[PDB]
Every structure is written in C-alpha cells, then in structure tokens.
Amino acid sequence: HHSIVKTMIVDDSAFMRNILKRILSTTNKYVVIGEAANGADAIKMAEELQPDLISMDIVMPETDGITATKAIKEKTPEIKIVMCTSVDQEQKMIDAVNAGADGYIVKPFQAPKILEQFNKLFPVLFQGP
C-alpha cells in the first residue's frame, strides 16, 4: 500500500547511515528495519529481513554495492534498491542500473531530493474520497 516502507540502509560509513536515518525518521512511512556495513552483510540481511527498499552505497568493504544490488535482485527482484553513493562516474552508474538499481543518488545530497527519490518508487496511493 506504500503507507509503510520497510527500509534497509547499506553504507560502510556509520555517519552516512545515521544521515539517512534522521531523514527517514521524520517521514511517516520509511521505517529503517536494518543496517549493513558491507555488501556481504547487505546481501544476507536483505535475504533475511526482506525489506521493501534498500539504500545502497557502492564503495564498501568485502563486497561492493553493485555486486550486492545484483545478487539481492536475482533472489529478490521485488526489493527496490536505490544506490546512495559518492561515485559520480557515469559508467559505474550504468553498471548499477544494469545490476537492478531502481534509483541513484549522488552524495552530497539534500534530504528532500532523496525522499523525492524514494517517493517515486513508493508513492502515496489514493483510492478516492
């Protein structure tokens, strides 16, 4: 229904993960149900927690975010994954979209832009007055 979006934040920077938590906390729909510090944990946690949405950094230990995006998507294609990374090279970005990424935000980002990003994948759905 999109009134509640189980969200999973994947970034090796704890501070950046904390950034995305303040932003999503003020919203009435995005509930951070998990955090992964590396892509290998991102793969497993998405497997176990089945989030509706994953904010996915790219440059991370153990396994990158594009490899994580792809591996999560061939098990759970229903999961929406939005790359949240500082890599702005258009190639990596083509690679992310080809891996399954539904979104791509470049750090530094402004909070309304990433909610505007997230809200396209999970819009407010009106059934009528």
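Residue positions are given as counts along the sequence shown, with the first one as 1.
- Here 100-108 and 84-92 are compared by their mean Cα B-factor, and 84-92 comes out higher.
- In this entry, 115-123 shows the higher mean Cα temperature factor of the pair 115-123 and 8-16.
- When the C-alpha B-factors of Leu53, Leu49, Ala37, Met56 are read from the PDB record, the largest value belongs to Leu49.
- In the deposited entry, the Cα temperature factor of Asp41 sits in the middle third of values across the chain's modelled residues.
- Ranked against the other modelled residues of its chain, the C-alpha B-factor of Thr69 as given in the entry falls in the lowest third.
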